[PDB]
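>>> Generate coordinates for the sequence data below:
(chains A, B, C and D, ligands or ions: 12)
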Number of protein chains: 4
Amino acid sequence: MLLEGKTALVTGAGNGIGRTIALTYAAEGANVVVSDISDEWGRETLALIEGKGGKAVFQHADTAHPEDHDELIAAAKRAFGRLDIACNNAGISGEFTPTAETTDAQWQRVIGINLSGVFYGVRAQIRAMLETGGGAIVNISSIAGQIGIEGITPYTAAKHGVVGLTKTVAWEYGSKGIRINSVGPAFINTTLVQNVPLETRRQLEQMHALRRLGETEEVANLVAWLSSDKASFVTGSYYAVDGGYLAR
Amino acid sequence: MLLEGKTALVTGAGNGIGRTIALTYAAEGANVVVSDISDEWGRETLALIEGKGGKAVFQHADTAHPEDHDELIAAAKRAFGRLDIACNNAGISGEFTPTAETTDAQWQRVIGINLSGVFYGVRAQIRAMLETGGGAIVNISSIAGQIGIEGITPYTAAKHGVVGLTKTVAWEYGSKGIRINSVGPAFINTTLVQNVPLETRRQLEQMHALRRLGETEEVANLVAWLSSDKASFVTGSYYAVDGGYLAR
Amino acid sequence: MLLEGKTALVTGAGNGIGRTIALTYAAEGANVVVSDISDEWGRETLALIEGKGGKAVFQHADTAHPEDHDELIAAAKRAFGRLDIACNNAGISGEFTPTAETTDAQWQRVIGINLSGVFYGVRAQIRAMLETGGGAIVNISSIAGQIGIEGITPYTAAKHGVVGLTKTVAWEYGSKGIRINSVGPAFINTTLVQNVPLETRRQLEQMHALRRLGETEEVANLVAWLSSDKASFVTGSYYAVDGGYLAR
Amino acid sequence: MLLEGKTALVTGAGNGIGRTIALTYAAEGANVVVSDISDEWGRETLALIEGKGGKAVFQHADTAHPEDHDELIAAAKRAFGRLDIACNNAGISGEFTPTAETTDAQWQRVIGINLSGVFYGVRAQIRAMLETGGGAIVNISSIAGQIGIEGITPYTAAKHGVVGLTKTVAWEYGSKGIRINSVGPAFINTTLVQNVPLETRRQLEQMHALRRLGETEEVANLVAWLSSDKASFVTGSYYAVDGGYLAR
Ligand SMILES: NC(=O)c1ccc[n+]([C@@H]2O[C@H](COP(=O)([O-])OP(=O)(O)OC[C@H]3O[C@@H](n4cnc5c(N)ncnc54)[C@H](O)[C@@H]3O)[C@@H](O)[C@H]2O)c1
Ligand SMILES: NC(=O)c1ccc[n+]([C@@H]2O[C@H](COP(=O)([O-])OP(=O)(O)OC[C@H]3O[C@@H](n4cnc5c(N)ncnc54)[C@H](O)[C@@H]3O)[C@@H](O)[C@H]2O)c1
Ligand SMILES: NC(=O)c1ccc[n+]([C@@H]2O[C@H](COP(=O)([O-])OP(=O)(O)OC[C@H]3O[C@@H](n4cnc5c(N)ncnc54)[C@H](O)[C@@H]3O)[C@@H](O)[C@H]2O)c1
Ligand SMILES: NC(=O)c1ccc[n+]([C@@H]2O[C@H](COP(=O)([O-])OP(=O)(O)OC[C@H]3O[C@@H](n4cnc5c(N)ncnc54)[C@H](O)[C@@H]3O)[C@@H](O)[C@H]2O)c1
Ligand SMILES: [Mg+2]
Ligand SMILES: [Mg+2]
Ligand SMILES: [Mg+2]
Ligand SMILES: [Mg+2]
Ligand SMILES: [Mg+2]
Ligand SMILES: [Mg+2]
Ligand SMILES: [Mg+2]
Ligand SMILES: [Mg+2]
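Numbers count the residues shown, from 1 in each chain, chains lettered A, B, ... in the order given. Ligands and ions are numbered 1, 2, ... in the order given. Let me share the structure:
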């Protein structure tokens, strides 16, 4: 067990990669604070953990709303006493729209969740971790934190922004035993790709050196490692889980 | 002259690097649309250009307000009939504040100007440039688009985000005649930086391979070059003007 | 155990980070082919592994000599029948010498070990891994694969080169079952670093966000993870273990 | 004129990008020291410059041979008194060969020219520039200094290595007024691409945001700028001339 006895929160844990991160955290021995904007989905992630013998609670949170983060931290402390680990996973792609046609609402929504929501979490999580001598934060960026994806300017800007705040937080709090890193997945087998035509899927696959898409477990395994004491000299860094996407 | 006959707008052109960019554009033969949130400083820049016999106008714009971009584009068209070049320079540092103490207002203000305001300008600028066959955009990022600077998480996130939206836009519009790049200055002798105490200056200098701070002309020269047809195979890229800051 | 039943070779395994990698591989269940240019140090590593009941052999290899790689591969096959994992760790710093004073012999020696020797190993390792369906390679680069360190131009060039050949190999062999990644440590407490004067240690520490140097286990843990099937979507990439060094 | 009165040497100036760099340097007012391994080609570059009214000399040099660099520097001083600018352009692609099948000779030849030859030049050029208070060096890397190109592991390793030694030299000599930068072209219209089928050319073109290949002048224009006093705060940096290749 990588994470025995540690307390870990996951944002956007109701579905997709976040669900798998929460399950992996629990399987590694962590006490998990499941959160999502969807209580139905988040509740089911909680029930999944509990039915597998893990220790967890659920707390609602819209990561775009600063006040929700306070409630996360309070839930963590109430259930488990401290916060050791946090994964800022909640995020959306946005619609595919060329920049010149991207509306203010499109821009604002994606930045608000994917960038501001990460900042508001990280801010609250630092404060909680300082109470008890540090901790580990993992932000879910993307390949789009290092390269551009056409049609999703807001997403690319946000995901680059996540990479940047990781760097600054690492220096501000490394003295105090907070580690923070980003993870950059390439295309992962989640709902969006599941619903494109095979031909499109094959074109995405050929953009990876492994010539296939990733699975959510492949992302979660790296998040778990980075959240663990094995990763004790790793901070301020971007860790790809990209199947070689960025290498060409 | 690098830019003879071209029409260029500059945001944040009332002082600092933007003023020098505007001056440089005019000295290279461009018609200049000077804009700033401070109409006094913007009018000053205009006066400096006109005093040398350059062709320019001033138009107010707060880059954080989408509607002001439409008035910028309209001012360019009214004055000079087209838009060929745009430099998204307006930006603020924020106050130095550790992430855990950074307020919502601090985060939102810096993102709104330094990231959203760049997006809103780029969006307007693309649309205008496409009317007449394309053009060149230069976004002013920072070293903080590549590394972190303690105390300015908002700034770092924003400046990374600027790097990212440069990449997408370049691919979306590269076959349509629009080039876009980002410039990353290190510490530059604007009024504020000029006036730091000597012991602070020396501390900053030692962070640069050249063991000195930069001058606004040193930034503006690169911006001018990137805005010119000499730079016809240059797009989607980040150009440091950093005195070696990033190289260690 | 991360690596149960796998056969792993380590270059430069007689001391320092390589010794710890070898130990870690064995503790994670791998059969280990320990190799080094120093047969005494290599035999010591072997003894440490065997003393705990691990399965291992020693084979001499100077990584700069192509033919020694063939004997490594042959030793793996003879002992354990296949090769699943390889870590190209052997490396030297060179002496600190400004570029203008660096001799041909200094340049050639460091490139020969740290760059050519990595290539010669990777080449042999690919061929062997392909016999049995693929495998995982980890190259030890450095922070000096991403930034420069004054006085060690040869080292910096070599370590950048290691980063680059990781990328090509990942694409060439990613559909054939071979993953390859590079690891970038900052300053680590090997024997030499352990023994620097306190005022030098403190100067180095301040270059890391964690305000301390790393331990060999902190490197080895990442190498083990990257060598395992948990890392199945990770290829072509650079993984810092740098305590935040690169983030400023 | 960007370079009036400065003395500039170019390696590999007999053909391709290097020829165009030498011509551009001369057109910008520099005194040019043309060098190549091919005296026939280099002599013709000299005659081209002279027939256009420029000032230049030719000196043979195989960049792989350290002693040849001494002869370059001596030629520069003999003709023109000092060395202000140097462009380390000479380079080869190598054959396209998967890593596992790349021979020692292939590896050694490409590293010897593209990496060691750059080091030997830079070493000699620093020494000469220090005599007269500094100067500017431009190394020609590639997109393959930042990403991998299948089939050319040696080339990718070398071109990454060039990026690295740029960083270290910038810090070692920035105090002393030596600037050094790398340039990274994507696919440029030179002999190789001229001889592939259209279909292949179109596939390469689609890898660039501009959806076309670069021209040698587009590279030379950036080299000229970086070699000039306009670029006085630019050091230690990688400058793409990639048509957006790296942005995806
Ligand atoms: N799927 C991919 O290929 C991929 C690749 C790279 C990065 N990512 C990133 O991975 C993370 C997880 O996304 P996913 O792909 O698993 O998506 P998903 O759509 O399957 O799941 C997203 C989860 O986040 C929740 N959510 C959405 N908005 C929220 C908000 N405002 N507050 C709280 N929860 C919210 C959803 O309800 C859902 O449970 C995101 O940051 C995404 O950008 C995904
Ligand atoms: N000075 C440095 O060391 C440095 C280093 C790296 C990057 N930069 C960047 O350079 C750019 C210019 O900064 P500077 O240092 O010259 O600053 P400055 O403070 O000297 O000038 C900024 C100008 O922008 C204007 N401005 C501020 N907010 C604006 C808004 N909302 N809309 C329009 N105009 C606005 C100001 O009124 C002023 O004229 C910024 O993007 C900054 O982040 C500066
Ligand atoms: N120690 C650090 O701070 C640090 C930081 C970043 C990267 N690295 C890298 O870590 C790797 C290991 O270095 P270390 O610090 O543990 O060094 P070390 O000097 O402690 O151990 C190096 C080992 O490699 C062996 N070796 C040397 N030349 C060899 C050759 N030609 N062939 C085979 N074996 C050879 C030595 O005999 C020794 O056992 C190197 O690639 C180094 O560049 C080290
Ligand atoms: N052509 C491209 O698409 C491209 C793209 C990226 C980078 N590059 C780089 O641009 C530089 C110039 O190459 P090019 O494409 O113009 O090639 P080219 O083959 O047209 O010209 C190369 C020149 O270098 C000379 N040369 C070769 N080996 C030499 C040696 N050992 N010493 C001295 N001179 C030598 C040749 O005789 C020739 O004049 C090289 O570093 C290359 O790697 C080229
Ligand atoms: Mg359901
Ligand atoms: Mg408390
Ligand atoms: Mg990193
Ligand atoms: Mg740095
Ligand atoms: Mg001919
Ligand atoms: Mg002299
Ligand atoms: Mg750079
Ligand atoms: Mg790419």
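
>>> Would you agree residue A:72 is in contact with residue A:9?
Yes - checked against C-beta atoms under 8 Å, the pair residue A:72 and residue A:9 is within contact range at 5.8 Å. Quick note: C-beta positions are derived from backbone N, CA and C, even for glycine.

>>> what residues do these two have in common as contacts?
Counting by C-beta atoms under 8 Å, 6 or more residues apart in numbering or on different chains, the contacts common to residue A:72 and residue A:9 are A:33, A:35.

>>> which stretches of chain A form helices?
A:16-27, A:39-51, A:66-80, A:104-111, A:117-131, A:153-173, A:191-194, A:198-205, A:216-226 (DSSP state H).

>>> most tightly surrounded among the ones you listed?
The highest mean neighbour count among these, using mean count of other C-beta atoms under 10 Å in any protein chain shown, belongs to helix A:153-173: a mean of 30.

>>> Next one: that helix, is it in contact with chain C?
Yes - if you take C-beta under 8 Å from any C-beta of the partner chain as the test, helix A:153-173 does meet chain C, through A:166-168, A:170-171.

>>> what packs against that helix?
Using 3 or more C-beta pairs under 8 Å, 6 or more residues apart in numbering or on different chains; DSSP states H and E as the contact test, the elements touching helix A:153-173 are helix A:104-111, helix A:117-131, strand A:135-140, strand A:178-185, helix B:117-130, helix B:153-173.

>>> how far away is the residue nearest the centre of chain A from residue A:219?
Central residue check for chain A by C-alpha atoms, centre = their mean: the C-alpha nearest the mean position is that of residue A:89, 2.1 Å away. The spacing between residue A:89 and residue A:219, counted by C-beta to C-beta, to the nearest Å, is 9 Å.

>>> Can you work out which residues contact both of the two?
Joint contacts of residue A:89 and residue A:219 (C-beta under 8 Å, 6+ apart) are A:17, A:21, A:140.

>>> where's the residue lying closest to residue A:190 once chain neighbours are set aside relative to ligand 7, distance?
Spatial nearest neighbour of residue A:190, excluding adjacent residues (C-beta to C-beta, 6 or more residues apart in numbering or on different chains): residue A:16 at 4.7 Å. From residue A:16 across to ligand 7, the span is 24 Å (C-beta to the ion, to the nearest Å).

>>> Wait, residue A:237 touches residue C:243, no?
No - using C-beta under 8 Å, residue A:237 is not in contact with residue C:243; the gap is 9.5 Å.

>>> right, is stretch A:209-228 up against ligand 7?
No - figure legend: stretch A:209-228 not in contact with ligand 7 (C-beta under 5 Å from the ion); closest approach 11.4 Å.

>>> thinking again about what came up before, so the residue nearest to residue A:190 makes contact with residue A:216?
Yes - using C-beta under 8 Å, residue A:16 is in contact with residue A:216, at 6.4 Å.

>>> Let me see the contact set for residue A:196.
residue A:204.

>>> what do you get if the cut-off is 7 Å, keeping everything else the same?
Residues near residue A:196 by C-beta atoms under 7 Å, 6 or more residues apart in numbering or on different chains: none.

>>> Just the closest residue of chain A to ligand 11, please.
Proximity to ligand 11, evaluated over chain A using C-beta to the ion, is greatest for residue A:146 at 14.8 Å.

>>> Grab the nearest non-local neighbour of that residue.
residue A:246 (5.7 Å).

>>> what's the closest non-adjacent residue to residue A:201?
Excluding its sequence neighbours, the residue lying closest to residue A:201 (C-beta to C-beta, 6+ apart) is residue A:193, at 6.0 Å.

>>> actually residue A:81, sorry about that
Distance criterion C-beta to C-beta, 6+ apart; nearest residue to residue A:81, sequence neighbours excluded, is residue A:7 at 7.3 Å.

>>> so that neighbour sits right up against residue A:77, yeah?
No - if you go by C-beta atoms under 7 Å, residue A:7 and residue A:77 don't touch, sitting 8.8 Å apart.

>>> wait, what's in contact with residue A:171?
Residues in contact with residue A:171 (C-beta under 7 Å, 6+ apart) are A:236, B:148, B:150, C:209, C:244, C:247-248.

>>> swap in residue A:216?
The contact partners of residue A:216, by C-beta under 7 Å, 6+ apart, come to A:16-17, A:20, A:188, A:190.

>>> so which of the residues you listed comes closest to residue A:84?
residue A:20 (19.5 Å; C-beta to C-beta).

>>> my guess is that closest one meets residue A:220, correct?
Yes - contact criterion C-beta under 7 Å: residue A:20 and residue A:220 qualify, at 4.4 Å.

>>> and chain A, which of its residues are near chain C?
Counting by C-beta under 7 Å from any C-beta of the partner chain, the residues of chain A close to chain C are A:167, A:170-171, A:174-175, A:209-211, A:214, A:218, A:221-222, A:225, A:230, A:232-237, A:239-244, A:247-248.

>>> filter those to the buried ones?
Neighbour-count burial within the residues of chain A next to chain C applies to A:167, A:170-171, A:174, A:209-210, A:214, A:218, A:221-222, A:225, A:230, A:232-237, A:239-244, A:247-248; the criterion is 16 or more other C-beta atoms under 10 Å in any protein chain shown.
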